[PDB]
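Only one structure is covered here, and it is reproduced in the block below.
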Amino acid sequence: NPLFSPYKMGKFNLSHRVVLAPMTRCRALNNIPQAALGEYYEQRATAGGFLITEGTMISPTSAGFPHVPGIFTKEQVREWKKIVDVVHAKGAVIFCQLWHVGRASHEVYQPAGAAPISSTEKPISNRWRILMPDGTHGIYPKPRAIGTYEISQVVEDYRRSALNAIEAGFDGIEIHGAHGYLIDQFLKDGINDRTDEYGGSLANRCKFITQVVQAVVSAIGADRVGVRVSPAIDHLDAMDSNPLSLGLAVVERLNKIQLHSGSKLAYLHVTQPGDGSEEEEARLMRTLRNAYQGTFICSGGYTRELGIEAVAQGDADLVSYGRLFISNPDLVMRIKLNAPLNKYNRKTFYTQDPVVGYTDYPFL
Ligand SMILES: NC(=O)[C@H]1C=CCN([C@@H]2O[C@H](COP(=O)(O)OP(=O)(O)OC[C@H]3O[C@@H](n4cnc5c(N)ncnc54)[C@H](O)[C@@H]3O)[C@@H](O)[C@H]2O)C1
Ligand SMILES: Cc1cc2nc3c(=O)[nH]c(=O)nc-3n(C[C@H](O)[C@H](O)[C@H](O)COP(=O)(O)O)c2cc1C
């Protein structure tokens, strides 16, 4: 099974290619990593396996979900260190995903109830609703379009968060540039209506992600930086008029960052709609992989068989699984044995209980 062949993700020697995709679970009460997260990640960690954490706040204004962890305070760093240590005790490699939601927020999630920030002043349309802390679904508000000095401040929040992740012991970080969140609000021409140097052309729309990646590369080293994008996921109004062209423009910028810094990123991670079309989606994924000079993680709707095929055919180096890892803590082992997989309960994806729907899914 080629999913169980080793792979060198730059400095990290992985024993297999099954990756834990980043998943927000909302157990990090008051944005502080909790003991329950340590139990959750330890259950899923394997010797030589790679894990990516749930999206993690880079600043007080970066959240749009309840009880998501941060890594912008030293208290958060101390609590993350305990979690990273239990994962490393199982021999796994773990990256912290750095996440800013941009306009996908609400006053309940912002300090002083201030407006969320974005590339644009337009709200997400009322086709979409935000999960509120009380479990109801609310209305996304009008965001504030930020100026270019404030863009450079957000880049610095990424840089400081990356340094804090290294202080907590993480092996690296992943830039969350997917799903209609802040970076994607700059990338996608269905959101970015700016008329300054961060809007309009492909080069201008790619400036923000290039600056974020370059800042974290300079701070922690390219080999400790992964980047996640989703050119053809339209979540939260995030559509582009030419998704492949946009994806190839992002890939070209990552290739140039690597050339200019003389080192390769840890990986490019591309995610696609995850609910079953097939040939077209596989061609987009392979085209982005073929354009990128480095390690490629594919994601979204992969099965055991599709993961094996992706690696065997050279279409990806690593395969990330999200939802199946919620309910199969030993998913790596189940994939190795071809053992039946257990269902997940969507109702407890984003609840706060430290056990129920979080660490109580059994092993084989
Ligand atoms: N937590 C996060 O940041 C989410 C970001 C994006 C993807 N999320 C989850 O990943 C998994 C794979 O997502 P997939 O690519 O399959 O698409 P969905 O986001 O599920 O979109 C399917 C349709 O569901 C409706 N829908 C999804 N989210 C919202 C929302 N927030 N408000 C209103 N409708 C919503 C829309 O019809 C979508 O086309 C799903 O469990 C999904 O809920 C997680
Ligand atoms: C509950 C839940 C939370 C998620 N949170 C994140 C997140 O924090 N960051 C991210 O990049 N993607 C997030 N995702 C998307 C997943 O990483 C994954 O790409 C998606 O579920 C599709 O892969 P799958 O078909 O293997 O589940 C989340 C998905 C779910 C279902």
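Chain lettering (A, B, ...) mirrors the order of the structure tokens, residue numbering begins at 1 for each chain separately, and ligand numbering begins at 1 in order of display.
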
Could you give me the residues within 9 Å of ligand 1, counting only C-alpha atoms and all ligand atoms, as a PyMOL selection string? chain A and resi 23-25+54-55+64-65+101+126-131+137+178-181+233-236+271-276+300-301+322-323+346+349-350

Using N, CA, C and O atoms, can you export the residues from the last selection as a compact mmCIF listing (two decimals), in the first residue's frame?
```txt
# COMPACT_ATOMS: atom_id res chain seq x y z
N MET A 23 -8.98 20.76 11.58
CA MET A 23 -10.41 20.82 11.83
C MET A 23 -10.73 21.56 13.12
O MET A 23 -10.39 21.10 14.20
N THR A 24 -11.45 22.67 12.94
CA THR A 24 -12.04 23.42 14.05
C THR A 24 -13.03 22.56 14.80
O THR A 24 -13.98 22.04 14.20
N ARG A 25 -12.83 22.46 16.12
CA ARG A 25 -13.73 21.66 16.97
C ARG A 25 -14.27 22.44 18.17
O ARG A 25 -15.23 21.96 18.81
N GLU A 54 -6.34 22.20 14.21
CA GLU A 54 -7.44 23.11 13.96
C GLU A 54 -6.89 24.52 13.71
O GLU A 54 -5.83 24.91 14.22
N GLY A 55 -7.62 25.32 12.93
CA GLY A 55 -7.21 26.70 12.76
C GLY A 55 -7.06 27.40 14.10
O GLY A 55 -7.87 27.25 15.00
N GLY A 64 -13.89 33.76 14.22
CA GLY A 64 -15.27 33.75 13.80
C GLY A 64 -16.01 32.49 14.17
O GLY A 64 -17.06 32.20 13.59
N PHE A 65 -15.49 31.76 15.17
CA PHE A 65 -16.07 30.54 15.74
C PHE A 65 -15.81 30.62 17.24
O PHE A 65 -14.87 31.29 17.68
N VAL A 101 -10.13 34.76 10.05
CA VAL A 101 -11.41 34.64 9.32
C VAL A 101 -11.81 35.86 8.50
O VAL A 101 -12.73 35.73 7.68
N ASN A 126 -26.56 36.90 2.70
CA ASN A 126 -27.37 36.11 3.62
C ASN A 126 -27.71 34.69 3.09
O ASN A 126 -28.46 33.99 3.80
N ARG A 127 -27.15 34.20 1.98
CA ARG A 127 -27.14 32.77 1.72
C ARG A 127 -26.41 32.01 2.83
O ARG A 127 -26.64 30.81 3.02
N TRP A 128 -25.52 32.67 3.56
CA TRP A 128 -24.70 31.99 4.57
C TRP A 128 -25.01 32.59 5.92
O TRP A 128 -25.33 33.77 6.04
N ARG A 129 -24.87 31.76 6.95
CA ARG A 129 -25.07 32.19 8.31
C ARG A 129 -23.92 31.73 9.18
O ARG A 129 -23.30 30.71 8.92
N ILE A 130 -23.63 32.50 10.22
CA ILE A 130 -22.51 32.20 11.10
C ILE A 130 -23.01 31.44 12.32
O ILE A 130 -24.06 31.74 12.89
N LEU A 131 -22.26 30.43 12.74
CA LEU A 131 -22.57 29.77 14.01
C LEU A 131 -22.26 30.73 15.15
O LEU A 131 -21.14 31.24 15.25
N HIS A 137 -27.79 30.38 14.58
CA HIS A 137 -27.09 30.84 13.39
C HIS A 137 -27.47 32.28 13.15
O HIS A 137 -28.64 32.63 13.20
N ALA A 178 -7.65 29.27 2.65
CA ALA A 178 -8.76 28.56 2.01
C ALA A 178 -10.11 29.08 2.53
O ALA A 178 -10.22 29.92 3.43
N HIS A 179 -11.17 28.54 1.90
CA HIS A 179 -12.56 28.55 2.43
C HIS A 179 -13.15 29.93 2.61
O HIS A 179 -14.05 30.11 3.45
N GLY A 180 -12.74 30.92 1.84
CA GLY A 180 -13.42 32.20 1.97
C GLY A 180 -13.04 33.02 3.19
O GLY A 180 -13.71 34.02 3.51
N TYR A 181 -11.96 32.64 3.89
CA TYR A 181 -11.50 33.40 5.05
C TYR A 181 -10.56 34.53 4.58
O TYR A 181 -10.60 34.90 3.41
N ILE A 233 -13.40 26.04 -4.09
CA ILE A 233 -14.42 25.91 -3.02
C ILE A 233 -15.07 27.29 -2.95
O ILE A 233 -14.33 28.25 -2.84
N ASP A 234 -16.39 27.37 -3.04
CA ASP A 234 -17.07 28.70 -3.10
C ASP A 234 -17.69 29.12 -1.76
O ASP A 234 -18.53 30.04 -1.77
N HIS A 235 -17.28 28.53 -0.67
CA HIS A 235 -17.74 28.86 0.70
C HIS A 235 -17.75 30.36 0.97
O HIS A 235 -16.77 31.01 0.66
N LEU A 236 -18.83 30.87 1.57
CA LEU A 236 -18.88 32.26 2.02
C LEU A 236 -18.65 33.24 0.88
O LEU A 236 -17.99 34.27 1.02
N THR A 271 -7.26 21.90 -1.14
CA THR A 271 -8.50 21.22 -0.78
C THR A 271 -9.61 21.56 -1.75
O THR A 271 -9.65 22.66 -2.30
N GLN A 272 -10.50 20.60 -1.95
CA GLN A 272 -11.55 20.71 -2.95
C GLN A 272 -12.87 20.34 -2.31
O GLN A 272 -12.90 19.80 -1.20
N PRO A 273 -14.00 20.66 -2.95
CA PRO A 273 -15.29 20.26 -2.40
C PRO A 273 -15.32 18.77 -2.12
O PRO A 273 -14.81 17.94 -2.89
N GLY A 274 -15.92 18.44 -1.00
CA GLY A 274 -15.68 17.14 -0.42
C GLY A 274 -16.84 16.18 -0.44
O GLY A 274 -16.77 15.15 0.25
N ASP A 275 -17.89 16.48 -1.21
CA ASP A 275 -19.12 15.69 -1.21
C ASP A 275 -19.45 15.28 -2.64
O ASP A 275 -20.34 15.88 -3.26
N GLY A 276 -18.73 14.29 -3.16
CA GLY A 276 -19.06 13.65 -4.44
C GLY A 276 -19.58 14.53 -5.56
O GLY A 276 -20.65 14.27 -6.12
N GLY A 300 -10.02 16.49 0.46
CA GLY A 300 -11.45 16.76 0.23
C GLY A 300 -12.10 15.52 -0.37
O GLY A 300 -11.98 15.28 -1.57
N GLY A 301 -12.88 14.79 0.42
CA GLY A 301 -13.60 13.64 -0.09
C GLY A 301 -12.75 12.44 -0.41
O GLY A 301 -13.25 11.52 -1.05
N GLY A 322 -10.17 14.63 6.83
CA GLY A 322 -10.77 15.44 7.90
C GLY A 322 -11.83 14.65 8.63
O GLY A 322 -11.60 14.08 9.68
N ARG A 323 -13.03 14.58 8.05
CA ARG A 323 -14.16 14.04 8.80
C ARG A 323 -13.94 12.60 9.29
O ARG A 323 -14.35 12.26 10.40
N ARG A 346 -22.29 14.85 13.12
CA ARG A 346 -22.16 16.26 12.82
C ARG A 346 -22.62 17.15 13.96
O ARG A 346 -22.13 18.29 14.10
N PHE A 349 -19.73 18.35 16.06
CA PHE A 349 -18.53 18.88 15.44
C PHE A 349 -18.01 20.09 16.21
O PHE A 349 -16.79 20.23 16.40
N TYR A 350 -18.91 21.01 16.65
CA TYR A 350 -18.52 22.33 17.13
C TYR A 350 -19.06 22.61 18.53
O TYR A 350 -19.07 23.78 18.93
```

Return as a PyMOL selection string the full set of residues in stretch 105-341 of chain A whose backbone-based DSSP assignment is strand (DSSP E or B). chain A and resi 117-118+130-131+137-138+144-145+172-177+225-229+267-271+296-299+318-321

Taking the DSSP secondary structure from the backbone, can you list the residues of stretch 61-296 of chain A that are alpha helix (DSSP H), as a count of residues only? 93

Show me, as a VMD selection string, the residues that have an atom within 10 Å of residue A:303 when counting only C-alpha atoms, minus same-chain residues fewer than 6 positions from it. chain A and resid 309 319 321 324 335

For residue A:286, please output as a list in words all residues within 12 Å (counting only C-alpha atoms; exclusion window: fewer than 3 positions along the same chain). residues 244, 247, 248, 270, 271, 272, 279, 280, 281, 282, 283, 289, 290, 291, 292, 296, 297, 298, 299, 310, 311, 313, 314, 315, 316 and 317 of chain A

Just want the 9 Å neighbourhood of residue A:110, counted on only C-alpha atoms, with same-chain residues fewer than 3 positions away dropped. Output as a ChimeraX atom specification. /A:60-64,105-107,113-116

Okay, now the selection with C-alpha atoms, as a short mmCIF file (atom, residue, chain, number, x, y, z; two decimals), in the first residue's frame?
```cif
data_model
loop_
_atom_site.label_atom_id
_atom_site.label_comp_id
_atom_site.auth_asym_id
_atom_site.auth_seq_id
_atom_site.Cartn_x
_atom_site.Cartn_y
_atom_site.Cartn_z
CA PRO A 60 -7.68 39.07 19.03
CA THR A 61 -9.64 40.03 15.86
CA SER A 62 -8.99 36.81 13.91
CA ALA A 63 -11.84 34.55 15.16
CA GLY A 64 -15.27 33.75 13.80
CA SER A 105 -17.02 36.94 11.93
CA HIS A 106 -19.55 38.78 14.07
CA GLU A 107 -19.46 41.42 16.78
CA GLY A 113 -17.87 44.34 19.36
CA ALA A 114 -15.93 46.03 16.55
CA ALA A 115 -16.58 45.23 12.91
CA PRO A 116 -14.56 42.36 11.39
#
```

Find, counting only C-alpha atoms and all ligand atoms, the residue in A:285, A:306, A:20, A:191 that gets nearest to ligand 2.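 Ranking A:285, A:306, A:20, A:191 by distance to ligand 2, first place goes to A:20.
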